[PDB]
>>> print(open('start38.pdb').read())   # PDB, C-alpha atoms (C1' of nucleotides) and all ligand atoms
ATOM      1  CA  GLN A 212     150.669 -84.862 -94.741  1.00  0.00           C
ATOM      2  CA  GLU A 213     147.231 -86.470 -95.120  1.00  0.00           C
ATOM      3  CA  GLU A 214     144.033 -86.709 -93.067  1.00  0.00           C
ATOM      4  CA  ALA A 215     143.933 -90.081 -91.274  1.00  0.00           C
ATOM      5  CA  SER A 216     146.903 -91.880 -92.872  1.00  0.00           C
ATOM      6  CA  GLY A 217     148.931 -93.288 -89.978  1.00  0.00           C
ATOM      7  CA  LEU A 218     148.505 -97.078 -90.091  1.00  0.00           C
ATOM      8  CA  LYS A 219     150.365 -97.179 -93.442  1.00  0.00           C
ATOM      9  CA  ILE A 220     154.071 -96.765 -92.404  1.00  0.00           C
ATOM     10  CA  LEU A 221     154.428 -99.440 -89.637  1.00  0.00           C
ATOM     11  CA  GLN A 222     153.387-102.083 -92.190  1.00  0.00           C
ATOM     12  CA  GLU A 223     155.542-100.763 -95.090  1.00  0.00           C
ATOM     13  CA  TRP A 224     158.611-101.415 -92.893  1.00  0.00           C
ATOM     14  CA  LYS A 225     157.878-105.184 -92.403  1.00  0.00           C
ATOM     15  CA  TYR A 226     158.163-105.541 -88.623  1.00  0.00           C
ATOM     16  CA  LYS A 227     157.324-106.983 -85.192  1.00  0.00           C
ATOM     17  CA  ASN A 228     157.064-104.253 -82.500  1.00  0.00           C
ATOM     18  CA  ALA A 229     157.921-100.564 -81.885  1.00  0.00           C
ATOM     19  CA  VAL A 230     157.899 -97.749 -79.313  1.00  0.00           C
ATOM     20  CA  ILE A 231     155.795 -94.571 -79.939  1.00  0.00           C
ATOM     21  CA  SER A 232     155.437 -91.647 -77.472  1.00  0.00           C
ATOM     22  CA  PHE A 233     153.968 -88.135 -77.505  1.00  0.00           C
ATOM     23  CA  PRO A 234     153.884 -85.048 -75.244  1.00  0.00           C
ATOM     24  CA  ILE A 235     151.385 -85.038 -72.342  1.00  0.00           C
ATOM     25  CA  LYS A 236     151.915 -81.363 -71.321  1.00  0.00           C
ATOM     26  CA  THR A 237     148.197 -80.754 -70.529  1.00  0.00           C
ATOM     27  CA  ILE A 238     148.377 -77.547 -68.387  1.00  0.00           C
ATOM     28  CA  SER A 239     145.932 -78.474 -65.543  1.00  0.00           C
ATOM     29  CA  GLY A 240     143.113 -79.201 -68.048  1.00  0.00           C
ATOM     30  CA  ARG A 241     144.185 -76.816 -70.854  1.00  0.00           C
ATOM     31  CA  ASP A 242     145.766 -78.967 -73.635  1.00  0.00           C
ATOM     32  CA  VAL A 243     142.918 -81.548 -73.239  1.00  0.00           C
ATOM     33  CA  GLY A 244     141.606 -82.455 -76.722  1.00  0.00           C
ATOM     34  CA  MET A 245     144.300 -80.470 -78.540  1.00  0.00           C
ATOM     35  CA  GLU A 246     146.877 -83.038 -77.259  1.00  0.00           C
ATOM     36  CA  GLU A 247     144.839 -86.201 -76.492  1.00  0.00           C
ATOM     37  CA  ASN A 248     144.459 -87.235 -80.171  1.00  0.00           C
ATOM     38  CA  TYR A 249     147.815 -88.962 -80.747  1.00  0.00           C
ATOM     39  CA  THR A 250     145.895 -91.865 -79.137  1.00  0.00           C
ATOM     40  CA  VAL A 251     142.177 -91.959 -79.981  1.00  0.00           C
ATOM     41  CA  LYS A 252     143.248 -92.230 -83.626  1.00  0.00           C
ATOM     42  CA  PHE A 253     144.833 -95.583 -82.668  1.00  0.00           C
ATOM     43  CA  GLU A 254     142.460 -97.713 -80.557  1.00  0.00           C
ATOM     44  CA  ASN A 255     139.648 -96.686 -82.902  1.00  0.00           C
ATOM     45  CA  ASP A 256     141.470 -97.423 -86.188  1.00  0.00           C
ATOM     46  CA  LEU A 257     143.205-100.520 -84.781  1.00  0.00           C
ATOM     47  CA  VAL A 258     140.442-103.092 -85.347  1.00  0.00           C
ATOM     48  CA  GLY A 259     140.755-105.141 -88.517  1.00  0.00           C
ATOM     49  CA  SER A 260     144.362-105.840 -89.597  1.00  0.00           C
ATOM     50  CA  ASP A 261     147.533-107.570 -88.355  1.00  0.00           C
ATOM     51  CA  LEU A 262     148.353-104.644 -86.025  1.00  0.00           C
ATOM     52  CA  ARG A 263     147.694-104.961 -82.268  1.00  0.00           C
ATOM     53  CA  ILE A 264     148.816-103.377 -78.970  1.00  0.00           C
ATOM     54  CA  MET A 265     150.826-104.821 -76.059  1.00  0.00           C
ATOM     55  CA  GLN A 266     151.173-102.232 -73.273  1.00  0.00           C
ATOM     56  CA  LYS A 267     150.720 -98.518 -72.544  1.00  0.00           C
ATOM     57  CA  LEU A 268     152.067 -95.986 -70.041  1.00  0.00           C
ATOM     58  CA  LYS A 269     151.769 -92.215 -69.365  1.00  0.00           C
ATOM     59  CA  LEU A 270     154.470 -90.717 -67.069  1.00  0.00           C
ATOM     60  CA  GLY A 271     156.782 -87.650 -67.107  1.00  0.00           C
ATOM     61  CA  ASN A 272     155.893 -85.832 -70.368  1.00  0.00           C
ATOM     62  CA  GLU A 273     155.963 -88.781 -72.807  1.00  0.00           C
ATOM     63  CA  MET A 274     153.496 -91.687 -73.240  1.00  0.00           C
ATOM     64  CA  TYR A 275     155.119 -94.640 -74.976  1.00  0.00           C
ATOM     65  CA  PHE A 276     153.249 -97.165 -77.129  1.00  0.00           C
ATOM     66  CA  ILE A 277     154.077-100.871 -77.571  1.00  0.00           C
ATOM     67  CA  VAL A 278     152.733-102.525 -80.732  1.00  0.00           C
ATOM     68  CA  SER A 279     152.458-106.115 -81.989  1.00  0.00           C
ATOM     69  CA  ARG A 280     151.778-107.908 -85.289  1.00  0.00           C
ATOM     70  CA  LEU A 281     151.140-111.551 -86.182  1.00  0.00           C
TER      71      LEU A 281
ATOM     72  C1'   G B   1     163.462 -30.846 -18.611  1.00  0.00           C
ATOM     73  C1'   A B   2     167.532 -28.543 -21.939  1.00  0.00           C
ATOM     74  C1'   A B   3     173.299 -27.845 -27.184  1.00  0.00           C
ATOM     75  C1'   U B   4     168.335 -23.603 -30.303  1.00  0.00           C
ATOM     76  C1'   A B   5     166.542 -26.715 -39.377  1.00  0.00           C
ATOM     77  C1'   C B   6     172.702 -23.194 -43.578  1.00  0.00           C
ATOM     78  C1'   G B   7     168.124 -25.764 -47.589  1.00  0.00           C
ATOM     79  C1'   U B   8     162.651 -28.271 -50.928  1.00  0.00           C
ATOM     80  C1'   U B   9     165.884 -31.399 -56.954  1.00  0.00           C
ATOM     81  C1'   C B  10     162.586 -36.148 -54.556  1.00  0.00           C
ATOM     82  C1'   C B  11     155.083 -41.316 -55.942  1.00  0.00           C
ATOM     83  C1'   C B  12     150.968 -40.263 -47.567  1.00  0.00           C
ATOM     84  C1'   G B  13     148.306 -36.798 -51.606  1.00  0.00           C
ATOM     85  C1'   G B  14     146.109 -32.997 -54.794  1.00  0.00           C
ATOM     86  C1'   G B  15     145.521 -28.847 -58.402  1.00  0.00           C
ATOM     87  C1'   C B  16     146.863 -26.373 -63.428  1.00  0.00           C
ATOM     88  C1'   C B  17     148.261 -28.467 -68.282  1.00  0.00           C
ATOM     89  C1'   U B  18     149.950 -31.505 -72.670  1.00  0.00           C
ATOM     90  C1'   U B  19     150.153 -35.327 -76.332  1.00  0.00           C
ATOM     91  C1'   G B  20     148.138 -39.972 -77.291  1.00  0.00           C
ATOM     92  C1'   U B  21     145.381 -44.881 -76.210  1.00  0.00           C
ATOM     93  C1'   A B  22     146.522 -51.722 -78.100  1.00  0.00           C
ATOM     94  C1'   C B  23     140.832 -47.112 -72.983  1.00  0.00           C
ATOM     95  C1'   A B  24     135.345 -46.974 -70.990  1.00  0.00           C
ATOM     96  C1'   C B  25     134.354 -51.705 -64.351  1.00  0.00           C
ATOM     97  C1'   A B  26     138.192 -47.296 -67.958  1.00  0.00           C
ATOM     98  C1'   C B  27     146.596 -49.068 -68.413  1.00  0.00           C
ATOM     99  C1'   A B  28     148.740 -52.016 -70.249  1.00  0.00           C
ATOM    100  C1'   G B  29     149.931 -53.796 -75.007  1.00  0.00           C
ATOM    101  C1'   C B  30     155.254 -58.753 -80.519  1.00  0.00           C
ATOM    102  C1'   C B  31     152.915 -67.649 -80.655  1.00  0.00           C
ATOM    103  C1'   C B  32     154.470 -72.785 -77.337  1.00  0.00           C
ATOM    104  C1'   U B  33     150.821 -75.118 -79.123  1.00  0.00           C
ATOM    105  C1'   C B  34     146.883 -79.451 -83.919  1.00  0.00           C
ATOM    106  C1'   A B  35     144.724 -85.679 -86.168  1.00  0.00           C
ATOM    107  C1'   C B  36     141.597 -80.624 -86.390  1.00  0.00           C
ATOM    108  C1'   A B  37     136.114 -82.411 -87.660  1.00  0.00           C
ATOM    109  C1'   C B  38     131.464 -80.658 -90.434  1.00  0.00           C
ATOM    110  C1'   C B  39     128.188 -77.604 -93.313  1.00  0.00           C
ATOM    111  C1'   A B  40     129.375 -73.366 -97.659  1.00  0.00           C
ATOM    112  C1'   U B  41     132.795 -71.914-101.953  1.00  0.00           C
ATOM    113  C1'   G B  42     137.011 -72.423-105.867  1.00  0.00           C
ATOM    114  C1'   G B  43     138.479 -76.435-108.412  1.00  0.00           C
ATOM    115  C1'   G B  44     138.227 -80.961-110.481  1.00  0.00           C
ATOM    116  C1'   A B  45     140.860 -88.555-114.470  1.00  0.00           C
ATOM    117  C1'   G B  46     136.847 -90.179-116.487  1.00  0.00           C
ATOM    118  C1'   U B  47     130.333 -90.708-117.576  1.00  0.00           C
ATOM    119  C1'   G B  48     126.442 -88.759-120.166  1.00  0.00           C
ATOM    120  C1'   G B  49     123.457 -86.528-123.263  1.00  0.00           C
ATOM    121  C1'   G B  50     120.610 -81.835-124.046  1.00  0.00           C
ATOM    122  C1'   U B  51     120.712 -78.501-128.449  1.00  0.00           C
ATOM    123  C1'   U B  52     123.091 -80.156-131.715  1.00  0.00           C
ATOM    124  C1'   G B  53     126.824 -77.458-135.071  1.00  0.00           C
ATOM    125  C1'   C B  54     130.753 -79.625-138.718  1.00  0.00           C
ATOM    126  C1'   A B  55     133.099 -83.576-142.873  1.00  0.00           C
ATOM    127  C1'   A B  56     129.969 -86.590-144.818  1.00  0.00           C
ATOM    128  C1'   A B  57     127.104 -91.096-146.013  1.00  0.00           C
ATOM    129  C1'   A B  58     122.160 -93.133-145.936  1.00  0.00           C
ATOM    130  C1'   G B  59     116.376 -90.632-147.176  1.00  0.00           C
ATOM    131  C1'   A B  60     110.281 -92.636-144.147  1.00  0.00           C
ATOM    132  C1'   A B  61     106.086 -90.007-145.783  1.00  0.00           C
ATOM    133  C1'   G B  62     104.630 -86.277-148.767  1.00  0.00           C
ATOM    134  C1'   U B  63     105.130 -82.530-152.811  1.00  0.00           C
ATOM    135  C1'   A B  64     107.183 -81.584-157.699  1.00  0.00           C
ATOM    136  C1'   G B  65     109.673 -83.276-162.211  1.00  0.00           C
ATOM    137  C1'   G B  66     111.054 -86.908-165.828  1.00  0.00           C
ATOM    138  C1'   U B  67     109.523 -91.584-167.821  1.00  0.00           C
ATOM    139  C1'   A B  68     110.429 -96.608-173.772  1.00  0.00           C
ATOM    140  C1'   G B  69     107.133-100.799-168.701  1.00  0.00           C
ATOM    141  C1'   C B  70     102.110-101.341-167.213  1.00  0.00           C
ATOM    142  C1'   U B  71      96.813-100.018-167.036  1.00  0.00           C
ATOM    143  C1'   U B  72      92.193 -97.348-168.240  1.00  0.00           C
ATOM    144  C1'   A B  73      84.189 -94.849-168.151  1.00  0.00           C
ATOM    145  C1'   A B  74      83.350 -89.239-169.425  1.00  0.00           C
ATOM    146  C1'   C B  75      86.687 -85.904-174.840  1.00  0.00           C
ATOM    147  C1'   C B  76      88.220 -86.268-180.300  1.00  0.00           C
ATOM    148  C1'   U B  77      87.654 -90.707-182.697  1.00  0.00           C
ATOM    149  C1'   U B  78      90.127 -90.818-188.318  1.00  0.00           C
ATOM    150  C1'   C B  79      86.463 -95.063-185.438  1.00  0.00           C
ATOM    151  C1'   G B  80      92.926 -99.234-186.089  1.00  0.00           C
TER     152        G B  80
HETATM  153 MG    MG C   1     148.831 -40.677 -56.752  1.00  0.00          MG
HETATM  154 MG    MG C   2     117.956 -81.579-137.133  1.00  0.00          MG
HETATM  155 MG    MG C   3     103.039 -90.827-155.011  1.00  0.00          MG
END
>>> encode(input="start38.pdb", output="structure tokens", more="lines below")
Ligand SMILES: [Mg+2]
Ligand SMILES: [Mg+2]
Ligand SMILES: [Mg+2]
Amino acid sequence: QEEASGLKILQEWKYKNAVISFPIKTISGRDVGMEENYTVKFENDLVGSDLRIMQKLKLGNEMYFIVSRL
RNA sequence: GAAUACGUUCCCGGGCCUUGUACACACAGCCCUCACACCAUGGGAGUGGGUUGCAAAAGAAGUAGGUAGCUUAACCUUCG
């Protein structure tokens, strides 16, 4: 819906934690890049506000995210 | 050491020929996946003038006109 506008929603819904996953169906080094961006848009953009991270996994076909706020 | 193919519609492989083709190493052709950057174009709240047009107001210099104030060497002086 917009270019680089993800950090907005979590905050709007006043909260504490979450769980956020994505597909990891990289076909033996094919979907690399075209599927490894649901992440690098986090760690990069996640310095500055009340948002933080708790844990991270990558098994099966879904990589769940755990988030924290103060 | 002998009971003895009635028959070639049939990709061990080739010739004659025909239409195409998403063909020239030369035969076959209807997405499942994405924040997509960054240079080029089409826009585009407002800003701003250029050059100003338009409804006017005000009008510096100069040029011209009027003019009872004021002032003055050549001319006429009647001589006021
Ligand atoms: Mg053949
Ligand atoms: Mg003008
Ligand atoms: Mg004058």
>>> closest_residue(input="start38.pdb", among="B:61, B:73, B:5, B:17", to="ligand MG 3 (chain C)", atoms="only C-alpha atoms (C1' of nucleotides) and all ligand atoms")
B:61
>>> closest_residue(input="start38.pdb", among="B:32, B:60, B:54, B:75", to="chain A", atoms="all atoms listed in the file")
B:32
>>> resolve_selection(input="start38.pdb", expression="the PyMOL selection byres (((not hetatm)) within 10 of (chain C and resi 1))", output="PyMOL selection string")
chain B and resi 11-14
>>> residues_near_ligand(input="start38.pdb", ligand="ligand MG 2 (chain C)", cutoff="12 Å", atoms="all atoms listed in the file", output="NGL selection string")
:B and (51-53)
>>> closest_residue(input="start38.pdb", among="A:252, A:238, A:216, A:228", to="residue 266 of chain A", atoms="all atoms listed in the file")
A:228
>>> residues_near_ligand(input="start38.pdb", ligand="ligand MG 3 (chain C)", cutoff="12 Å", atoms="all atoms listed in the file", output="ChimeraX atom specification")
/B:61-64
>>> write_last_selection(input="start38.pdb", atoms="C-alpha atoms (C1' of nucleotides)", output="PDB file, in the coordinates of the input")
ATOM      1  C1'   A B  61     106.086 -90.007-145.783  1.00  0.00           C
ATOM      2  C1'   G B  62     104.630 -86.277-148.767  1.00  0.00           C
ATOM      3  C1'   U B  63     105.130 -82.530-152.811  1.00  0.00           C
ATOM      4  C1'   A B  64     107.183 -81.584-157.699  1.00  0.00           C
TER       5        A B  64
END
>>> resolve_selection(input="start38.pdb", expression="the PyMOL selection byres ((chain B) within 10 of (chain A))", output="ChimeraX atom specification")
/B:33-36
>>> atom_distance(input="start38.pdb", atom1="atom CA of residue 269 of chain A", atom2="atom CA of residue 253 of chain A")
15.4 Å
>>> resolve_selection(input="start38.pdb", expression="the PyMOL selection byres (((chain A and resi 267) around 10) and not hetatm)", output="PyMOL selection string")
chain A and resi 230-232+264-266+268-269+274-278
>>> atom_distance(input="start38.pdb", atom1="atom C1' of residue 42 of chain B", atom2="atom CA of residue 212 of chain A")
21.6 Å
